[PDB]
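Commentary on secondary and tertiary structure
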Amino acid sequence: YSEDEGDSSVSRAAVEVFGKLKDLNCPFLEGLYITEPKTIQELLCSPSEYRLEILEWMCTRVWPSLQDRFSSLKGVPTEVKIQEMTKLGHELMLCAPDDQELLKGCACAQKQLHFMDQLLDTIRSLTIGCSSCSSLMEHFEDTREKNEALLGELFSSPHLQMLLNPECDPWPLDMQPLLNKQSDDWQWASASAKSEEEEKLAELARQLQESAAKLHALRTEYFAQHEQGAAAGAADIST
Amino acid sequence: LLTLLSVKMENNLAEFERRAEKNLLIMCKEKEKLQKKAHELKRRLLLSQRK
Amino acid sequence: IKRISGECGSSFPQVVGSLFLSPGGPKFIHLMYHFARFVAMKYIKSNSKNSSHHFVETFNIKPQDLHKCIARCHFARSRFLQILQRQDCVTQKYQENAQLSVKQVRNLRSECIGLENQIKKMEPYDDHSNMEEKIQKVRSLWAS
Amino acid sequence: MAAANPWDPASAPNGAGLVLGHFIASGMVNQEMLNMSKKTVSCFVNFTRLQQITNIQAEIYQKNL
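Definitions and cut-offs
Residues numbered from 1 in each chain as written, not as in the entry; some residues may be left out. Chains lettered and ligands numbered in written order. Part of a larger assembly, values for the part shown. Heavy atoms only, no water. Helix = DSSP H or I, 4+ residues; strand = E, 2+ residues; numbered from the N terminus. Rg over C-alpha atoms; globule rule 2.2 N^0.38 Å. Buried < 20%, exposed > 50% of the residue type's maximum accessible area, 1.4 Å probe, protein only. Contact = heavy atoms within 4.5 Å. Buried area = accessible area lost by both parts, 1.4 Å probe. Salt bridge = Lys/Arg side-chain N within 4 Å of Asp/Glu carboxyl O. Polar contact = N/O pair within 3.5 Å; in protein donor to acceptor, adjacent residues only side chain to side chain. Axes fitted to C-alpha atoms, helices over the stretch in contact; angles between N-to-C directions. Parallel < 35°, antiparallel > 145°, perpendicular 65-115°, else oblique. Nonpolar A, V, L, I, M, F, W, Y, C, P; charged D, E, K, R; others polar. 1 Å grid on protein atoms, 1.4 Å probe; cavity = no way out; pocket = protein on both sides within 12 Å on 5 of 7 lines; lining within 4 Å. Points joined across faces, edges and corners; volume = space filled by probe spheres on them. UniProt positions renumbered as here; feature names shortened; annotations may be inferred. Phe/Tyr/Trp six-rings, centres within 6.5 Å; stacked < 30°, edge-to-face > 60°. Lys NZ or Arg CZ within 6 Å of the ring centre and 35° of its normal. Core = buried A, V, L, I, M, F, W, Y, C linked by side-chain atoms within 4.5 Å.

What follows deals with the overall build of chain A. Looking only at helices and strands, chain A has twelve helices and zero strands in total. Along chain A, helices (α) and strands (β) appear in the sequence α-α-α-α-α-α-α-α-α-α-α-α when read from the amino end. Computed over its C-alpha atoms, the radius of gyration of chain A comes to 31 Å, more than 25% above the 18 Å expected for a compact globule of 239 residues. For chain A, the spread of C-alpha atoms along the three principal axes comes to 105 × 55 × 40 Å. A buried classification covers 23% of the 239 residues belonging to chain A.

Structural data, given as C-alpha cells:
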C-alpha cells in the first residue's frame, strides 16, 4: 500500500524512453519536444494516436508484408491492426493472443514501457546486425556462425558446475555455529515482513528526527546558561 | 538452447536468492544482537567511569 | 513413443523397432534429437513461472518467415545475456555485502571482548550505595 | 617470498564474471553492448532495509548516550 515511488519510477523510465526515441532521429520528430516526465508518461502510456503512429511506422519499417497487406487490401478497421500487432507480439513470446488491451492503450504504464523496451532492444540488435552485413542472407549466415561459435565456447569448459550450482560460501570457519544455534528459527518471519520493515523504517526515522530535535534543544538550553562562563572557562581546573 | 539456459538459470537464481536472503537476514539479526549487548557494555563502562 | 507421437502430431518422425533392436545409424541420432528437444520443450512448459505459458502454440508451427525467426533468436540471445549480467551483478553484490558484514562482525566482537576484559579488570572499587545520599549532605554544605 | 594474503586473497571467482572476462577477449562481445544492458534493480531489499534500520539504531543508541 505505497504507490509513491512507482509513478516517479515510471516517469523516469519514460524519460529514457523519450531520449531513446530522440536518439534514432525519427522523421516525425519535428514539432513535439515534450520533455516533462509525467507528460511523457501520459503520452506514451495512456491511449494516444501519436504512440500508435510511431509503433505502426516502426512495424512497417521492420517487416514489409504487413504494409503489403495494408496497401494491397486497403479498407481495414483499426482493431484489426490492433489484434494483428498483438499476434505478432505473441509469437515474439511476449504476450497472449487476446492481450489487445495492451495495444488499445488502456494497459498499465509499467509493462507497456517494459514491452516496448525489449522491442527497441530487438530493433537495436537487428540494426547492428544489418549495419555490418549488406544483405539478409549475409546477416543470417554471420548470425548462425557467431551463434554456433558462442554455443561451442560455452560448453567447452569444466567450470560450469559453479554456474549450474551457485554456491553461498564466502564465510570463514568460526561463523557457522552461530547459524546452527538458531538454524530452525526463521521459517515463519519471512511471510509479510515488507510492510513491517517499512513501518519500523518510517517510525524509527521519525524517532531519529525528534531525538535530534530534543538533543539540540537541550544543548541550546544548556548553552543559554553557559555563555556567561564560556569566556570564563579559560581558567584551568587544576590551577 | 537459449530458452533452456534461461529457465535453468532462473531456477538457480531463485534458489540462490532464497538461500542468500535467509542467511543474510540471520547474520543481520545476530549483528543487531551483537551491537545491542555491545551498547550495554559501553553504557556500563561509561556509567562506572563517571561514578 | 507412440503415445507421444499421437499426442504431438506428424512432425515427429516415425519410430521403428529396428532402432530399438539396433541402436545405430543417423536415423537413430535423428530420433534421439527429436525426442530430446521435445522433452526439453516439455520441461520449459513445466517450469516457466514468471513468463506466460503461451509459447507452446508458437513453437509447434513450422517456421516459415526469416525475419521473425531472426528477431526471435536475437531476443532469446539478448535475454540470456541480460540474465547472465544480472546474475553476475547479484553475485558481486552478495560478495561485497558478505565481506562488509564479516568485517563489521569482527569489529563488533573485538570491541565486545575488550569491553568485558576491562569490566573484569578496571573495576577494583565499588562504593556507590551511599553516593546519592552523600550528594544530599553536599548541597547542605553548600547551603551552609 | 611475498605470498598473497590468506585473509585477503584474490576475490571469490564468479563463473559469470570469469566467462565474461574470457569471452570479451574472444572479441564477439565488447563493453558497450553490456553497457545499456546494465539495468539496475534493487535487490536485497529486506537485507538493505534491515541493515539501514540497524545503522539508524546505532546512532540512536549513540545520540541517547
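For the rest of this paragraph, the subject is the interface of chain A and chain D. Tallying the contact residues gives 16 residues for chain A and 16 residues for chain D. Around 1,500 Å² of area is buried between chain A and chain D when both sides are counted, 68% of it from carbon and sulfur atoms. Considering only the side of chain A, the residues that lose the most area to chain D are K194, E197 and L208 of chain A, jointly responsible for 32% of the buried surface there. Our enumeration of links across chain A and chain D arrives at one salt bridge. For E197 of chain A, the salt bridge goes to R49 of chain D, with nearest N and O atoms at 3.9 Å. Scanning the region where chain A abuts chain D turns up three residue pairs in polar contact. Looking at the side of chain A that touches chain D, the elements that each hand over two or more residues are α8 (136–154) and α11 (193–224) of chain A. No other element matches α11 of chain A, which puts ten residues into the side of chain A that touches chain D.

For the rest of this paragraph, the subject is the packing of helix α1 (residues 2–50) of chain B against helix α3 (residues 45–64) of chain D. Close contact between α1 of chain B and α3 of chain D brings their axes to 10 Å; oriented N to C, the two are set at 5 degrees. Our classification of the angle between α1 of chain B and α3 of chain D gives roughly parallel. Across the interface between the two elements, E21, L24, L25, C28, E32, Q35, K36 and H39 of chain B from α1 of chain B touch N46, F47, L50, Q51, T54 and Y61 of chain D from α3 of chain D. Taken together, the residues that form the contact of α1 of chain B with α3 of chain D break down as six nonpolar, five polar and three charged.

Attention now goes to the pattern of salt bridges. Going through the model one piece at a time under the given rule, you end up with 15 salt bridges over all chains. A salt bridge links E79 of chain A to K104 of chain A; the nearest nitrogen and oxygen atoms lie 3.3 Å apart. In this pair, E79 of chain A sits in helix α5 (residues 78–90) while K104 of chain A sits in helix α6 (residues 100–104), placing the two residues 25 residues apart along the sequence. On the accessibility criterion, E79 of chain A (44% relative accessible area) is partly exposed. Judged by its relative accessible area of 37%, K104 of chain A is partly exposed. Across the pair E199 of chain A and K200 of chain A runs a salt bridge whose closest N-O atoms are separated by 3.5 Å. By relative accessible area, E199 of chain A is classed as partly exposed at 42%. The structure contains a network of salt bridges with shared partners spanning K194 and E197 of chain A together with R49 of chain D.

Mapped onto the fold, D126 of chain C is located in the loop between α5 (66–121) and α6 (131–143). Separated by 2.4 Å, the side chains of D126 of chain C and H128 of chain C make a polar contact.

This brings us to empty space enclosed by the protein. Under the definition given, this model contains one cavity of 30 Å³ or more. Quantified by volume, the largest cavity comes out at close to 70 Å³. Lining the largest cavity we find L24, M27, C28 and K31 of chain B, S101, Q104 and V105 of chain C together with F47 and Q51 of chain D. Broken down by secondary-structure element, the contributors of at least two residues to the lining of the largest cavity are α1 of chain B, α5 of chain C together with α3 of chain D. Among the elements that take part in the lining of the largest cavity, α1 of chain B stands out by supplying four residues, more than any other.

Here we come to the side chain of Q82 of chain C. Mapped onto the elements of the fold, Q82 of chain C is located in helix α5. In this structure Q82 of chain C comes out as buried when scored by relative accessible area, which is 17%.

So, on to the interface of chain B and chain C. Each side of the interface is counted separately: chain B has 23 residues, and chain C has 26 residues. A combined buried area of about 2,500 Å² lies between chain B and chain C, and 76% of that area is made up of carbon and sulfur atoms. When the buried surface of chain B facing chain C is broken down by residue, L2, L41 and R44 of chain B rank first, second and third, together holding 21% of it. The tally of links from chain B across to chain C stands at two salt bridges.

Mapped onto the present numbering, the UniProt feature "coiled-coil region" falls at residues 189–222 of chain A. Helix makes up 88% of residues 189–222 of chain A and strand makes up 0%, while its end C-alpha atoms are separated by 45 Å.

Before going further, it helps to spend a moment on the packing of aromatic side chains. As enumerated under the stated definition, the model contains six aromatic pairs over all chains in all. A centroid spacing of 5.5 Å and a plane angle of 35 degrees characterise the contact between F35 of chain C and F38 of chain C, whose relative ring orientation is tilted. Here the residue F35 of chain C and the residue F38 of chain C both occupy positions in helix α3 (residues 26–46), the gap between them amounting to three residues, near one helical turn. For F35 of chain C, a relative accessible area of 35% corresponds to the partly exposed category. Site record: aromatic cluster; members linked through ring pairs are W171 of chain A, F16 of chain B, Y94 of chain C together with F44 and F47 of chain D. In this arrangement the basic side chain of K22 of chain A is found over the ring face of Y33 of chain A, its NZ or CZ atom lying 4.2 Å from the centre.

Moving on, we come to the packing of helix α1 (residues 4–23) of chain A against helix α2 (residues 37–44) of chain A. Residue and element names in this part refer to chain A. Where α1 meets α2, the axes come as close as 8 Å, and the angle between the chain directions of the two elements is 80 degrees. In terms of orientation, α1 and α2 fall into the roughly perpendicular class. In this structure, α1 uses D7, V10, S11, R12, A14, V15, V17, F18 and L21 to contact α2, whose residues at the interface are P37, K38, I40, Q41 and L44. Among the residues forming the contact of α1 with α2, the class breakdown is nine nonpolar, two polar and three charged.

Attention now moves to the nonpolar core. Among soluble globular proteins, nonpolar side chains are generally buried collectively. One finds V17, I40, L102, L103, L113, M116 and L119 of chain A to be the most contacted residues of the largest nonpolar core, which totals 20 residues. Counting residues per element, the ones that place at least two in this core are α1, α2, α3 (49–62), α5, α6 and α7 (109–132) of chain A. Sorting elements by how many residues they give to this core places α7 of chain A first, with six residues. Those residues in contact with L119 of chain A that lie beyond four places of it in its chain are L55 and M58 of chain A. In this structure, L24 and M27 of chain B together with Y94 and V102 of chain C belong to the second largest nonpolar core, which totals 16 residues.

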